[PDB]
Amino acid sequence: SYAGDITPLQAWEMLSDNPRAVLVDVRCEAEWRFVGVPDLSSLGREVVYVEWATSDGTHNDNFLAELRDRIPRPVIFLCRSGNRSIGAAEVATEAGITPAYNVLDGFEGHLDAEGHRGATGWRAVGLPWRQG
Ligand SMILES: [Br-]
Ligand SMILES: [Br-]
Ligand SMILES: [Br-]
Ligand SMILES: [Br-]
Ligand SMILES: [Br-]
Ligand SMILES: [Br-]
Ligand SMILES: [Br-]
Ligand SMILES: [Br-]
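As stated in the entry header, the method of structure determination is X-ray crystallography and the reported resolution is 1.80 Å.

Following this line, the structure appears as structure tokens:
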């Protein structure tokens, strides 16, 4: 039902090929603040921030209303590790905000053998990001 899963580099490529494509960071405010965020300044646009889950881990029941308010064709959804963003992509799709894509591996990726993230995901592949 949602348009597809794309890897972090594919997401960057899609944004770079489509001036009206939108990156929606759906992580909670605590992750934006303490972990960091993608940086689209080199593409002359802003990231759209709408929490899927709030920082207590529970769903933002105003997500759709906020999403429709805050966007800006392709709309690309980014979570911590690529999994909870599928729900956001499905909500976008059902709202006719399409094509809606999910970023595999997310911003931080999976927990590796040492109990560390930063192995896969947006930052691991060095796509533009900032935490100050
Ligand atoms: Br679609
Ligand atoms: Br990749
Ligand atoms: Br476009
Ligand atoms: Br979060
Ligand atoms: Br916070
Ligand atoms: Br925003
Ligand atoms: Br998320
Ligand atoms: Br994970």
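Next comes the rest of the write-up.
A.B. asks: An account of the sheet that holds strand β6 (residues 100–103) is needed here, citing residue identities and associated values.
C.D. replies: The parallel open sheet is built from 5 strands, whose spatial order is β1-β6-β5-β2-β4. Both edges of this open sheet fall to β1 (4–6) and β4 (48–49), since each of them pairs with a single strand only. Bridge count for strand β2 (residues 22–25) against β4 is 2 bridges, and the pairing is parallel. In the sheet register, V24 faces β4, and the bridge partner there is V48. Helix-sheet contacts for helix α1 (residues 8–17) involve β1, β2, β5 (75–78) and β6, and the interaxial angle to β1 is about 100°.

A.B. asks: Help me get a handle on the pairing of β2, residues and values and all.
C.D. replies: Alternating positions in β2 separate into two faces, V22 and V24 on one and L23 and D25 on the other, with burial throughout. Of the pairings in the sheet, the one linking β2 to β5 comprises 4 bridges and is parallel in character. The residue bridging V22 from the neighbouring strand is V75, located in β5.

A.B. asks: Run through the side chain of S81, naming residues and quoting values.
C.D. replies: Looking at the element boundaries, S81 is found in the loop between β5 and α4 (85–94). Polar side-chain contacts of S81 include one of 2.9 Å to the backbone oxygen of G109. A distance of 3.3 Å separates the side chain of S81 from the side chain of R117, its partner in a polar contact. If sequence neighbours within four positions are ignored, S81 has contacts with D105, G106, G109 and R117.

Definitions and cut-offs
Residues numbered from 1 in each chain as written, not as in the entry; some residues may be left out. Chains lettered and ligands numbered in written order. Heavy atoms only, no water. Pairing = 2+ DSSP bridges. Helix = DSSP H or I, 4+ residues; strand = E, 2+ residues; numbered from the N terminus. Contact = heavy atoms within 4.5 Å. Axes fitted to C-alpha atoms, helices over the stretch in contact; angles between N-to-C directions. Buried < 20%, exposed > 50% of the residue type's maximum accessible area, 1.4 Å probe, protein only. Polar contact = N/O pair within 3.5 Å; in protein donor to acceptor, adjacent residues only side chain to side chain.

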